[PDB]
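When reading the values below, keep in mind they use all heavy atoms of this one structure, side chains included, and skip hydrogens, waters and symmetry mates. To find a chain, count down the sequence lines: A is the first, B the second, and so on, and within it residues start at 1.
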Amino acid sequence: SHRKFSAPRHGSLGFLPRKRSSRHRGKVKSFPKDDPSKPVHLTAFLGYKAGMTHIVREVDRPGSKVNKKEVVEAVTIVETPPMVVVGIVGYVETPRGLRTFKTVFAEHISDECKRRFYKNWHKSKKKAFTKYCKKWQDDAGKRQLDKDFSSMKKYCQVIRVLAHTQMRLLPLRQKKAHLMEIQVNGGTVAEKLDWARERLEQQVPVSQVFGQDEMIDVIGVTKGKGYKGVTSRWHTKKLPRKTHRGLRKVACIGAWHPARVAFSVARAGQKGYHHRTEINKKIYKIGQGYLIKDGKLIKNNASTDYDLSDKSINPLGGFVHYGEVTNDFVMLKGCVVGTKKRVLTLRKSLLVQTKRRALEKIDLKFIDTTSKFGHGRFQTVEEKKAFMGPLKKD
Amino acid sequence: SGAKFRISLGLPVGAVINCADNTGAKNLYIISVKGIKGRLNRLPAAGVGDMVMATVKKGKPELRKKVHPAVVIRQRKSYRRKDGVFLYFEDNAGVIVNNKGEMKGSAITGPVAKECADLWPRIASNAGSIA
Amino acid sequence: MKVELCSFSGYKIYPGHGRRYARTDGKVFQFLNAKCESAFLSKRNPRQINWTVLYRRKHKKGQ
Amino acid sequence: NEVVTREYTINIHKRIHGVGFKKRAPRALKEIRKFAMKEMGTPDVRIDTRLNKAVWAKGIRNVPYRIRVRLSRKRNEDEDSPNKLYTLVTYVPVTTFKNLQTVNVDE
RNA sequence: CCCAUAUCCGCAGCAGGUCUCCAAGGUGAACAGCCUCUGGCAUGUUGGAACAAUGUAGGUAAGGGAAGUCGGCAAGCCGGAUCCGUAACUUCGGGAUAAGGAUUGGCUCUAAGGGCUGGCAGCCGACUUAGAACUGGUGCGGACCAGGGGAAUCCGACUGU
RNA sequence: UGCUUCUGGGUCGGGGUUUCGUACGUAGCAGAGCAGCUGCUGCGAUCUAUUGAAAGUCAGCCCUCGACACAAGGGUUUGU
Ligand SMILES: [Mg+2]
Ligand SMILES: [Mg+2]
Ligand SMILES: [Mg+2]
Ligand SMILES: [Mg+2]
Ligand SMILES: [Mg+2]
Ligand SMILES: [Mg+2]
Ligand SMILES: [Mg+2]
Ligand SMILES: [Mg+2]
Ligand SMILES: [Mg+2]
Ligand SMILES: [Mg+2]
Ligand SMILES: [Mg+2]
Ligand SMILES: [Mg+2]
Ligand SMILES: [Mg+2]
Ligand SMILES: [Mg+2]
Ligand SMILES: [Mg+2]
Ligand SMILES: [Mg+2]
Ligand SMILES: [Mg+2]
C-alpha cells in the first residue's frame, strides 16, 4: 500500500556510486567551450588548500539590507605557485569522440615532474625522457619535432598544455609534482600552438589565468571518512531507542516484489573521498607571494587599503596542519572540498556570468590573521607584545 | 523592500515564552508558526521577527483558552548576523498582535531584537530599546 | 567595523569573534569567548581573575 | 665503536598518545624497546629493571611525559646467541628536561 | 584433602545451585559504598595489531521541553544531615521525609555538658552541642552513600500468598 | 606520500602558537585569633611579592638547521 505521509527521498541518486575516487587529483571533465575570437588563454590551474579565514568588506547590493554595510565572510586560501609548462598534447575530433593525436614534451623536465613518472623514485635510475630529450639536440630530431607541430596544426582541433606544480616551494612533505593537462582556449589552432610552443619550460602565474572578482569552479576530492552507516552516509531517520538489533539502520530495504534490493536504497559503505565539482566560487583576492626587495622581505599580502599593518596571510602559528603560505594565493569565498594540503583544480566558469552577485566587485576592508590553533585574539605578534608587555622569557 | 535573512530558529512548537507587553498575558505557548511548510517529523520553529500562533497559559482569564497571533521579539538561542555577530538574549519573549501586525498592548518590557523591529514597525515604535 | 572590548576580560574583540549578550534590563555585553562568557554568567568578579585587564590594573601589574 | 654509550630524552608523551588507560605503561616499554632498536640497531634490547620501575612509578595510565635514558651497546658473551651486540637501557634521574641534548658518554 | 567462579550437583575446571564458624584501620548512623593492613590472587578455557560500520555497556549535549510513543518506556530530576514549615482528608492512630524554604567547606576561637583526692583547692578525661571571627573565583552531604512531587478515578482494607 | 646536491628525512632541543590561570621554595610589622617568655618567639586557613607564573602543547599544530646518530641497503618478479 502507499506510504502514509509523503517525504522526499534522502540523498541524490545523481552522485552514485558513493565509492572512493579513482583519482586523487580532481579531473576537469569539461573545459570551457572554445571561442576562436578571444585571445589565447588557459582555462584551469592547480592549487593547494591552505586553510580558511574570514574577511570584512562593505557590500554593494542596491535594495538589500546589507547595502553600504560591512559583513564578515568566510574564505578559503589556496596556495597557487606558478606552474611550469612541459608539454603539448593534441586532440582530433572523431566520430567516436576526441582522440589523443600527438604529445610533445619540452627538452628539459625538472625532477619534480619526473618524480610523477615513478612509483619508487629512490630505487629508480631516473631514466625518464633521457632518450626523448636527445631529439631537441640534433638537427635530424629537430626536423621531426617541427613536423609533429606542423601535423598538429593540420589535424588537431583541441590543444592542451602539460603543466605541473612546483612542490619545492610548498611546505608539504610531498616532492612529487602534480601534472595535468590544461586546455588552451582562444584563437586559431595555429595560434594555440605558437602560444604553447613559446611557453615550454616557462612558468605561468595564477594571475595570468584568473582575475579579481571572477567566478570559478573548484574541482577536487572531498574529505574521506571511511566506512559509514546509513544514518551518517545517507541521513536517514534514527529508529526508536527500543529497536532490537540496532537503530542506526534503514528499517525496510524494499518491498517483497521486486524480489531484490534496489540500487536506490540506502546502504552502508564508503563516505567521503568523492570526486566533486563545485561552481560559482568567487575570487576575493589574488595574493602576491613573498619577495625580497632591496634586502627586505616584502610579505604584507594580507594588508588592505583600510588596514596598513605589515602582515602576511599566514595566521599566528601558521596554517594549522598545513604550514606557511609564502607563494601566490587565491582567496575563494566560502568553502571548498578536500582536506588541508589537498590539491584543488581551479577552472574557469562554463556559464555566462551576468548576475549582480556574479558581477559584484570585492573590496576587502580586513583579513583576520589570528591564530587558528586556538581561540586566537591577536592579529599580529607586534600587536600581542604591545598588549602583554615584557614577559619572563625576555 | 529589503528582505530579512535566515536566522537560527530557537523556538519549536510547544515553546512557552514570556509575554513582554501589557496585555495581561504572562507567557505565550506556541502552537504553530506562520509561513512554515515543513516536512515529515519536523516541528515548525520560530525566531525573532516571526509571527506565530500562541495561547496564553498564565494571564488574564479573558486572554486564556483562545489562539492569538504573536511575534517573537527576543530569543535565548544565539543567531548570526551578516556582520558576524552572534547575539542572544537572556530570555524568550513575544508580544500579542493581530493579523496586520499591530500590537494588542501598548508597552514592551525589555529590549527588542533589531531583526523583529525592522520587520514590524508597530512593534518597533513601542520598543524601549533595540538590540 | 569597530572593535569591542570583552565585558569580562577587557580584551578587544575583532569582527567575527565572540558573542553578544543582551540582558532583559537593557544592558548589552560582548564576550571574547565562552571562557569569558562563563565567568561573567557565574557572577565572578573580573577584578579577582588574574588574567583579566581589570585585575592587572587593580594590582598595578603592568605598571 | 661497536661498544658505545649515549644519553637520550624520549618523549614518551607523543609515543603513547591516544592509548587506552590499561595499555599506557605497557606500551611505553614497547616504545622504549622500539626506540632502542632504532638508535642502536640492535635487536637484543635489555631494559633495566630500574627503568621499568620509573615507567610504572605513576601507575598504568599516568605515565611520565619524558624520560632520560642511557643506551649502552655492549658485546654479548653468550656464544649461543644469534646477536653479537645487545643494547642496555638504563634510567637516568634528572630534575629538569629543559635543554637536554643527545650526548656521548665515554667510560 | 576439597568444601566451591577447578576436588560436591547441574553431561564440563558450567557467570547456576549448595548448611555453617572467626572477622582489622580510615570515612561514615552503619556488617552501606570507597580506600588500606593481615592473608590471598593473576583478570577468570588464549595472545598480538588496529580503532571502520552495526552492536552491547557507560557518558555529555546549544535552543526547545513529551511536540516522541499505545502509554514519559527509557533516562533524567529529588536525595544525607541541621533549622524552619507543612494542607485536604481521616477509622484521630495517620496522611508526613506531605508540600515548601534556608543552611552545610577550611581555619582560629568562645561557652556548656564530668570523674577522683583532700558552695573550695588540686589532679585527671570523653566525645559532643551551640555560638563567633576570618577565609576561598558561591565552592563546600564536593567522591561514595542517598525518596521527584501534587490533584484525582477504579479495584482490593491492610501485612501475607 | 618520503628514503645523500654538504644533501635527506628522523630524534632531542630551541622558538612561534595555544590551553589553564599565577608553580615549589623563599620573604612579608598582611592574616581572624590563640600559646609561651618579657616587645619577642611559636601555631595559624588564607593573602601579597617573586610570578600572565608553572605545566602541557603533535602524537595528524607551524619554523628551525643547534645536538645525535642514521641514510648509498634487502627480498620477489617481469621481454616485443
Ligand atoms: Mg502518495
Ligand atoms: Mg525489545
Ligand atoms: Mg581552531
Ligand atoms: Mg512522525
Ligand atoms: Mg579483563
Ligand atoms: Mg591472562
Ligand atoms: Mg574458571
Ligand atoms: Mg569468558
Ligand atoms: Mg538539550
Ligand atoms: Mg540548556
Ligand atoms: Mg502526544
Ligand atoms: Mg504522533
Ligand atoms: Mg521509569
Ligand atoms: Mg500526599
Ligand atoms: Mg466513586
Ligand atoms: Mg491486596
Ligand atoms: Mg505456599
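Pair assignment for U110(E): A130(E), on the basis of Watson-Crick or G-U wobble contacts that are both within less than 3.5 Å. For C144(E), there is no paired base (Watson-Crick or G-U wobble, both distances below 3.5 Å). The pairing partner recorded for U97(E) is none, the criterion being a Watson-Crick or G-U wobble arrangement whose two distances lie under 3.5 angstrom.
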Output a table of nitrogen or oxygen pairs between the protein and nucleotides 40-42 of chain E separated by less than 3.5 Å.
none

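Among the nucleotides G71(E), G52(F), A67(F), the one closest to the side chain of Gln101(D) is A67(F).
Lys57(B) forms a cation-pi arrangement with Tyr29(B), by the criterion of a distance under 6.0 Å to the ring centre and an angle within 45° of the ring axis. Relative to the six-membered ring of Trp234(A), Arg18(A) meets both conditions, a distance below 6.0 Å and an angle of at most 45° to the axis.
A canonical Watson-Crick or G-U wobble pair links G122(E) to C116(E), with each of its two hydrogen-bond distances shorter than 3.5 Å. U153(E) and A102(E) make neither a Watson-Crick nor a G-U wobble pair with both donor-acceptor distances under 3.5 Å. Taking 3.5 Å as the upper bound for both contacts, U91(E) does not pair with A157(E) in Watson-Crick or G-U wobble fashion. No Watson-Crick or G-U wobble pair joins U45(E) and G137(E) with the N1-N3 or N1-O2 distance and the second distance both under 3.5 Å. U135(E) and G105(E) make a Watson-Crick or G-U wobble pair, with both donor-acceptor distances under 3.5 Å. Nucleotide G59(E) is annotated as unpaired relative to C127(E) [Watson-Crick or G-U wobble, both distances under 3.5 Å]. The bases of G106(E) and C134(E) line up as a Watson-Crick or G-U pair, and both contact lengths stay under 3.5 Å. Base-pair annotation: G55(E) with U43(E) fails the Watson-Crick or G-U wobble criterion (two N/O distances, each under 3.5 Å). Between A81(E) and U103(E), both key atom distances fall under 3.5 Å, giving a Watson-Crick or G-U wobble pair.
On the P atoms, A102(E) is 22 Å away from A151(E), given to the nearest whole Å. Spacing of P atoms, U7(E) relative to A42(E), comes out at 15 Å, to the nearest Å. Between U135(E) and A45(F), the two P atoms lie 15 Å apart (nearest whole Å). Rounded to whole Å, the P atom of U128(E) lies 45 Å from the corresponding atom of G56(F). Across the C1' atoms, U97(E) and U82(E) are found 14 Å apart, a figure rounded to whole Å.
Straight-line distance from the CE atom of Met388(A) to the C1' atom of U17(F): 13 Å, rounded to whole Å. Protein atom CZ of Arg44(C) is 6 Å distant from nucleotide atom P of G139(E), rounded to whole Å. The distance from atom NZ of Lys123(A) to atom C1' of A71(F) is 15 Å, rounded to the nearest whole Å. Between the CD1 atom of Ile10(D) and the P atom of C68(F) there is a distance of 18 Å, given to the nearest Å. Here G63(E) presents its P atom at 16 Å from CZ of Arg74(B), a figure rounded to the nearest Å.
At the heavy-atom level, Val230(A) lies nowhere under 4.0 Å from the strands shown. Within 4.0 Å of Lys237(A), counting heavy atoms only, lies no atom of the nucleic acid at all. Across all strands shown, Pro390(A) has heavy atoms under 4.0 Å from base atoms, whether or not it also approaches the sugar-phosphate. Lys384(A) comes within 4.0 angstrom of sugar-phosphate atoms only, judged by non-hydrogen atoms across all strands, and of no base.
The six-membered base rings of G48(E) and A49(E) sit with centres under 5.5 Å apart and planes under 30 degrees, so these neighbours stack. For the neighbouring bases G26(E) and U27(E), a stacking contact is recorded, both ring-centre distance under 5.5 Å and ring-plane angle under 30° holding. With centres closer than 5.5 angstrom and planes tilted by less than 30 degrees, the six-membered rings of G94(E) and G95(E) count as a stacked pair. In this strand, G131(E) sits stacked on its neighbour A132(E); the base ring centres are under 5.5 angstrom apart and the planes under 30 degrees. Adjacent nucleotides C41(E) and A42(E) meet the stacking criterion of ring centres closer than 5.5 angstrom and planes inclined by less than 30 degrees.
With hydrogens and angles ignored, the 3.5 Å screen pairs no side-chain donor or acceptor of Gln101(D) with any backbone N or O of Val103(D).
Side-chain contact, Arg68(D) with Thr9(D): a donor N or O sits under 3.5 Å from an acceptor N or O. When only modelled atom types and interatomic distance are considered, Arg19(C) and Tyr21(C) share no side-chain donor-acceptor pair under 3.5 Å. When only modelled atom types and interatomic distance are considered, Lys311(A) and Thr369(A) share a side-chain donor-acceptor pair under 3.5 Å.
Looking at heavy atoms from C-beta onward, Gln75(B) lies out of side-chain contact with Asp91(B) at the 4.5 angstrom threshold. Using a 4.5 Å heavy-atom cutoff, the side chains of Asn92(B) and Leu11(B) are in contact.
Judged by distance alone, with hydrogens and angles left aside, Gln174(A) brings no side-chain donor or acceptor close enough to the base of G2(F) to form a pair under 3.5 Å. No hydrogens or angles were tested; on distance alone, nothing pairs the side chain of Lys341(A) with the base of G60(F) as donor and acceptor under 3.5 Å. Remark: the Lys385(A) side chain and the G16(F) base include no donor-acceptor N/O pair separated by less than 3.5 Å. A donor-acceptor contact under 3.5 Å is not formed by the side chain of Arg248(A) with the base of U54(E).
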Item to check | Paired and unpaired positions of RNA chain F as dot-bracket, Watson-Crick or G-U wobble under 3.5 Å, | denoting a partner strand | outcome: ......((.(((((((.((.....((((.(..(((((.)))))..)))))....))....)))).))).)).........
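The aromatic rings of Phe40(C) and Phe29(C) lie tilted to each other, with the angle between the two planes from 30° to 60°.
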Checklist entry - Can you give one letter per nucleotide of nucleotides 19-25 of chain F, going 5' to 3': B for a protein heavy atom under 4.0 Å from the base, S for sugar-phosphate only, - for none? => result SSBBB--
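For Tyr8(D) and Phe35(D), the ring centers sit closer than 6.0 Å to each other.
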Item to check | Criterion side-chain contact (heavy atoms from CB on, under 4.5 Å) on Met180(A) and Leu46(A), from CA distance to verdict | outcome: CA-CA 8 Å; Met180(A) 78 166 269; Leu46(A) 285 179; 3.5 Å; yes
